[PDB]
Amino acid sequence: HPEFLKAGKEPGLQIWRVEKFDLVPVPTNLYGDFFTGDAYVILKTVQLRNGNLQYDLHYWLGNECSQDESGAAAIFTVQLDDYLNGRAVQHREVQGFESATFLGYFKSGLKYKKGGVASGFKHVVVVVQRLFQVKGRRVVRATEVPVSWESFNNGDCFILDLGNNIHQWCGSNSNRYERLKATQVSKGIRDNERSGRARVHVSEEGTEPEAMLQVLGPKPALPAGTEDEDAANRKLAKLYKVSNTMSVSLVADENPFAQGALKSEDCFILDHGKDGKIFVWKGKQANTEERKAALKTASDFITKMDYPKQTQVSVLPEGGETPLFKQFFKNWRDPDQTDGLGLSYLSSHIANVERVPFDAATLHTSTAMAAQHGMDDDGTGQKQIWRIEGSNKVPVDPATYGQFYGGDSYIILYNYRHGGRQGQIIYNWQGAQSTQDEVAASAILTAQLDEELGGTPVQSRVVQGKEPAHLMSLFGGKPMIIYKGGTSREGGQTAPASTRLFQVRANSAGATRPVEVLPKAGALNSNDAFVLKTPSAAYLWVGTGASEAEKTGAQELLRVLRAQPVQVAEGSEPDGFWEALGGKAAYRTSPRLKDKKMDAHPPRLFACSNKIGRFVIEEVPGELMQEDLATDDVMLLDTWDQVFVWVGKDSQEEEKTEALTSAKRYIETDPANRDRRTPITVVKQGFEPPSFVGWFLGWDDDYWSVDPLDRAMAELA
């Protein structure tokens, strides 16, 4: 055996060019260059936290690549996978529409070279005279184009490669951010292709150097940019079951699908084609012919539905499904979950993130711990609570700090200290039964308060029932009691219900919040304790998964209810318990993914926009980096438990005021059917909280002191 032996042995990236049905290694210093007339095979191996190796097999098809060449690359992807015991995730990437995972492997971006093995061009390779058109802001792509002014336009940047002189040219209508990412490609040509020997010359229209003007002739009038992502065709997806010939059978009309719909004896197609990707899921018991023919059937299904030929397709084995595939299902939970160190798959873009458990004594020094637990600090800073009464904020009685009523909406101005510096957080808590005028009034006043405090404070819109972990910790040691629906104003206190049911649950911080729920048995949960104040006896129901903090919260919540507790463990409930709840019922028993939520729902950064009301979101691939936050964009950092809205200083005011709704739109369209009470957190550039910056390793506190572009072209360019 040849190159197969030197494969997934160590963590890293391996690229081969399929050359005459042979896997020829691409020189590593050229990783990122791809000939449009050829096909490549790419293996990314990632080390899991337990030391095991996880494989991602990609094969890449250029625009001018033959059919017998894509087949060759496909055969290798198949036979490489079963050499790795059929546990790899396979990807078919087409030029210009590659998967985010594939795009993450390449920092400096991609280069699409004219030529191929048929044209008689190798990779190894002096005298150079080529031209690249650099289009891209988050996925910088450099396409080789004819060496002519006709190839140009004033919207993008261009690189005139003259061997020992690289000439970067940028149009007048080109944005400063695009110019920045273009210098990366130019620098990459200098350092990787010429080994740092050549000189990179930067210019814009009107300042063309004589060398460039000698090659292209005098500059004529140039046009403008064609300006190229995900829209609202994200929500709907369908699941199919394959037979062989090739026929499919609809098994699930709408997502979220039932995880049990996947049977291990067959293979299934998750159709997300209107969003540009489809999945193939191999059951472990599926026929060997069926498994090896996954890409076979996937391409057929593409044509039988009239999807674009360039549709992303990925192939998953049972047990190694990616988290996006799992999110298409209603509460996907694995047959290991709690036991182990990870899950089905570890997203490469967070594979190098050190996992920091919680310890409040040193929260104030670790941005990473702050981000991984949604904990800006310990919750012990100065704060003000206001209840919204009509059109004004009313100070809440300090004795009742920690109790919130479902018929009110509150504003919580909190002072946080982390590291050496401070910040402020404005929490906007809107009750479920709060009247619409006052809920809307709470939002108006929340924004007004932010401007009073200089526009610097963080804004967080919370909805009753789904409160961030940090919010629970603001009240010292007492729990955050949330009532189903009453008022706290002076002439309006309602009457307590006959029998009430409280779900007391703790965060990673040990703070707890008892949530008053419906008085039904189906509302119970094995991981938390519960409090049932019936007029007869007050029950303290403690689940098998409940710990000290939940008992302490449930106990001390029964304190404020002036009722003696009746300790009752799960499974051994007295008679009166079930009948007070309306009888026995099926509740949730499966444990939660406490520290493995990151593995299940890794944080993703997005760029949101709405040009003509059309909501456009584009995922930025790879490791989360401060460099990826453009000053003229409104970005989205989705941590599952929360959706941050990073607002760039130089973005348009329209997009700035729409920060709340753009996030609300992204959550609404999420194919995972994400809860709409999910807290949204608006954050200003240069005033980001620790729970945000801790996700970005290598965060320069004074990164924006010098303009990013003014630094790059002054650095090594």
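So that there is no doubt, residue numbering starts at 1 and follows the sequence shown.
- The modelled chain breaks between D228 and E229, where 1 to 3 residues of the deposited sequence lack coordinates.
- Going from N244 to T245, you skip over 1 to 3 residues of the deposited sequence that the entry leaves unmodelled.
- Higher average CA B factor: 648-656, of the stretches 39-47 and 648-656.
- Note on 492-500 vs 127-135: mean CA B-factor is higher in 492-500.
- In the PDB entry, the Cα temperature factor peaks, among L270, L341, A554, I159, at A554.
- Considering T322, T101, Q564, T446 together, the PDB entry gives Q564 the largest C-alpha B factor.
- Annotation for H91: C-alpha temperature factor in the lowest third relative to the rest of the modelled chain, per the entry.
- Sorting the modelled residues of the chain by their CA temperature factor places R421 in the highest third.
- The deposited CA B-factor of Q459 belongs to the lowest third of values across its chain.
- Per-chain ranking of the deposited C-alpha B factor places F301 in the middle third.
- Among all modelled residues in its chain, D397 ranks in the highest third by Cα B-factor.
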